[PDB]
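What follows is a short report on a single structure.
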Amino acid sequence: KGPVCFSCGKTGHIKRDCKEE
Ligand SMILES: [Zn+2]
């Protein structure tokens, strides 16, 4: 279990981490 991406819905990064820039 790791950071969930609330943008794509994947794992290994958070939404905020996803396309932060
Ligand atoms: Zn993502």
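Residue numbers start at 1 in each chain; chains themselves are named A, B, ... in the order of the structure tokens; ligands are numbered from 1 in the order shown.
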Neighbours of segment 13-21 of chain A within 6 Å (only C-alpha atoms; same-chain residues fewer than 2 positions away dropped), as a PyMOL selection string?
chain A and resi 3-7+11
Dump of N, CA, C and O atoms for the selected residues, as a PDB file, in the first residue's frame:
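Writing the result to again-v4.pdb gives the following:
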```
ATOM      1  N   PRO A   3       0.868   5.678  -1.852  1.00  0.00           N
ATOM      2  CA  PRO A   3       0.094   6.869  -2.164  1.00  0.00           C
ATOM      3  C   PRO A   3      -0.874   6.608  -3.319  1.00  0.00           C
ATOM      4  O   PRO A   3      -0.464   6.159  -4.388  1.00  0.00           O
ATOM      5  N   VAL A   4      -2.142   6.900  -3.065  1.00  0.00           N
ATOM      6  CA  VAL A   4      -3.172   6.701  -4.070  1.00  0.00           C
ATOM      7  C   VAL A   4      -3.387   8.007  -4.838  1.00  0.00           C
ATOM      8  O   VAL A   4      -3.455   9.079  -4.238  1.00  0.00           O
ATOM      9  N   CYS A   5      -3.488   7.874  -6.152  1.00  0.00           N
ATOM     10  CA  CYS A   5      -3.694   9.030  -7.007  1.00  0.00           C
ATOM     11  C   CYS A   5      -5.199   9.211  -7.214  1.00  0.00           C
ATOM     12  O   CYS A   5      -5.851   8.371  -7.833  1.00  0.00           O
ATOM     13  N   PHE A   6      -5.709  10.314  -6.685  1.00  0.00           N
ATOM     14  CA  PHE A   6      -7.125  10.617  -6.804  1.00  0.00           C
ATOM     15  C   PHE A   6      -7.427  11.312  -8.133  1.00  0.00           C
ATOM     16  O   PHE A   6      -8.513  11.861  -8.317  1.00  0.00           O
ATOM     17  N   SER A   7      -6.448  11.267  -9.024  1.00  0.00           N
ATOM     18  CA  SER A   7      -6.595  11.887 -10.330  1.00  0.00           C
ATOM     19  C   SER A   7      -6.745  10.810 -11.405  1.00  0.00           C
ATOM     20  O   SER A   7      -7.615  10.906 -12.269  1.00  0.00           O
ATOM     21  N   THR A  11      -1.542   3.870  -8.054  1.00  0.00           N
ATOM     22  CA  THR A  11      -0.779   3.852  -6.818  1.00  0.00           C
ATOM     23  C   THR A  11       0.686   4.196  -7.091  1.00  0.00           C
ATOM     24  O   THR A  11       1.225   3.846  -8.140  1.00  0.00           O
TER      25      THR A  11
END
```
